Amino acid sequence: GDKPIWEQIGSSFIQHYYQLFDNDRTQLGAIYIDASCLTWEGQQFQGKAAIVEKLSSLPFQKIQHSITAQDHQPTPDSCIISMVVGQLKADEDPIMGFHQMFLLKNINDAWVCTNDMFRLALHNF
C-alpha cells in the first residue's frame, strides 16, 4: 500500500529520538522502559534509571546529529529493528561518525525502545 509499517514507525521514532537527544536529553527517559539496555561506547547500562543518568551526564553542551542512512526491518517476534549511520557534531569538537542501533517493541499501544547500542567511529591515526 506503499510504505511498510516498520519503515513508518522506525523512521518516525528515529526522528523523534534525535530531536529529543539534540534539545533536551533529560526527556529521553520517556522512550525507555525499566528493562531497557544501553551500550554506549562499549559500556553497558541496564534499566531506565541508569540509562538516563548516563545520557544526562555526557560532557557536551551542544550536540547535533545528522543521519547519513537508516535501515529498518521487522523481527520475527514482531519487534522493529533499526540501524543508523551518521555524523555527530558536539560543541567545538571535530565531526565524528557514529553507528546506532535500536530495537523497538509495542507496549501498551506504544512503541518503546528496549535495546540501544551506540558506538563512535574513531579516526585511524
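Quick note: we count residues from 1 along the sequence shown, nothing fancier.
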### Of 82 to 90 and 28 to 36, the stretch whose C-alpha atoms average the higher B-factor in the entry
28 to 36
### Query
Is the mean CA B factor in the deposited entry higher across 68 to 76 or across 51 to 59?
51 to 59
### Summary
Residue set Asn115, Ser11, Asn106, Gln19, per-entry CA B-factor max assigned to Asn106
### Query
Within this chain, which third does the Cα B-factor at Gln100 fall in: lowest, middle or highest?
lowest
